[PDB]
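Commentary on secondary and tertiary structure
Letter by letter, the chains look like this.
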Amino acid sequence: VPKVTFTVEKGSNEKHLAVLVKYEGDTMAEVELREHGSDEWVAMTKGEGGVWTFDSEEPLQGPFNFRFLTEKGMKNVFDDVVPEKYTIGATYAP
């Protein structure tokens, strides 16, 4: 029963996209973030220390897509995770 959920952490400011991917249970290994037409899946960047952030380059910022790699060894793609006008302080995912 795959039911994960992220959380746009405060890490987001200018062009940062932080997420508090954590639903208790499994473990944290690595995370991969997408966009729409950037350049295929792009492994996140553990720069926040507690969460995963992403530096956007394009002027447009629509929905995102994730597919962590839990230490346990279980991946899964996620579409329509974050909305259009996301608000840092909520959850957006399947």
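Residues numbered from 1 in each chain as written, not as in the entry; some residues may be left out. Heavy atoms only, no water.

Of the regular secondary structure elements, the protein holds zero helices and four strands. Secondary structure elements in the protein, listed N-terminal to C-terminal, are β-β-β-β. Taking 2.2 N^0.38 as the reference for a compact globule, 94 residues should give roughly 12 Å; the C-alpha atoms of the protein span a radius of gyration of 12 Å, in line with that estimate. Oriented by its inertia axes, the alpha-carbon framework of the protein measures out at about 35 × 25 × 25 Å. Going through the 94 residues of the protein one by one, you find that 32% of them count as buried. By element, 50% of the accessible surface of the protein is carried by carbon and sulfur atoms, the whole surface being about 6,200 Å². (Helix = DSSP H or I, 4+ residues; strand = E, 2+ residues; numbered from the N terminus. Rg over C-alpha atoms; globule rule 2.2 N^0.38 Å. Buried < 20%, exposed > 50% of the residue type's maximum accessible area, 1.4 Å probe, protein only. Areas by Shrake-Rupley, 256 points an atom, 1.4 Å probe, with all protein chains shown as cover.)

Here we take up the packing of aromatic side chains. What the rule picks out here adds up to four aromatic pairs. Seen from their ring centres, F6 and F78 are 5.6 Å apart, and the 75° between their planes marks the pair as edge-to-face. Here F6, found in the segment before β1 (32-33), pairs with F78, found in the segment after β4 (74-75); they are 72 residues apart in sequence, far enough to count as distant. Each member of the pair, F6 as well as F78, is classed as buried. Geometrically, the ring pair formed by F68 and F78 is tilted, given 5.1 Å between the ring centres and 45° between the ring planes. Of the two residues, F68 sits in the loop between β2 (42-43) and β3 (69-70) while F78 sits in the segment after β4, which places them ten residues apart along the sequence. (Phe/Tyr/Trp six-rings, centres within 6.5 Å; stacked < 30°, edge-to-face > 60°.)

Below, the discussion takes up unusual backbone geometry. Of note in the backbone geometry, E24 takes a positive phi value of approximately 60° without being a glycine. Accessibility expressed as a relative area gives 71% for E24, which makes it exposed. One non-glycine residue, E40, lies in the positive phi region at around 70°. Given the relative accessible area of 66%, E40 is considered exposed.

As a further point, take the nonpolar core. With 19 residues, the main nonpolar core has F6, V19, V31, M44, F66 and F78 as its most contacted residues. Not counting chain neighbours up to four residues away, the residues in contact with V31 comprise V21, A43, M44, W52, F66 and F68. (Core = buried A, V, L, I, M, F, W, Y, C linked by side-chain atoms within 4.5 Å. Contact = heavy atoms within 4.5 Å.)

Time to look at the UniProt feature "domain: Expansin-like CBD" in the protein. Annotation from UniProt places "domain: Expansin-like CBD" at residues 15-94. Helix makes up 0% of residues 15-94 and strand 10%. Its end C-alpha atoms lie 24 Å apart. (UniProt positions renumbered as here; feature names shortened; annotations may be inferred.)

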